[PDB]
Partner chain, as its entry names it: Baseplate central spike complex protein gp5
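Single chain ahead, written as structure tokens, the form solved without its partner chain.
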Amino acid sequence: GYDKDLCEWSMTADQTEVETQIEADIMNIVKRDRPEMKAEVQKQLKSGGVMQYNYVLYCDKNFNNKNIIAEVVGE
């Protein structure tokens, strides 16, 4: 997804600050769309990191954030 202010914050704020909110944003989508996947997605975020989603979640006009679960659990 894209939002001008969220895009700028995600690219300028402290690394740990953005990383913590990315995880919370993903878990919120998991709770809404695949609530039983909470423990599994949490395990995948810890092993694979979340900062690789810095661009697609806040700066990408061509990424639908609903697809973040499939992105995380896929290879």
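Positions refer to the first chain, counted from 1.
From this point on, the text means the form deposited with its partner chain bound, which you will not see here.
* Asked: So in the deposited bound form, does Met51 come within 4.5 Å of its partner chain, heavy atom to heavy atom?
  -> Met51: contacts its partner chain in the deposited bound form.
* Asked: Taking 4.5 angstroms as the cut-off for heavy atoms, does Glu71 touch its partner chain in the deposited bound form?
  -> Residue-level check for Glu71: yes, a contact with its partner chain.
* Asked: Closest heavy atom of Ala24 to its partner chain in the deposited bound form, within 4.5 Å or not?
  -> Output for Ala24 is no: heavy atoms all beyond 4.5 Å of its partner chain.
* Scan 14-28 and write down, in order along the chain, each residue with a heavy atom lying within 4.5 Å of its partner chain in the deposited bound form. => Those in contact are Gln15, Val18.
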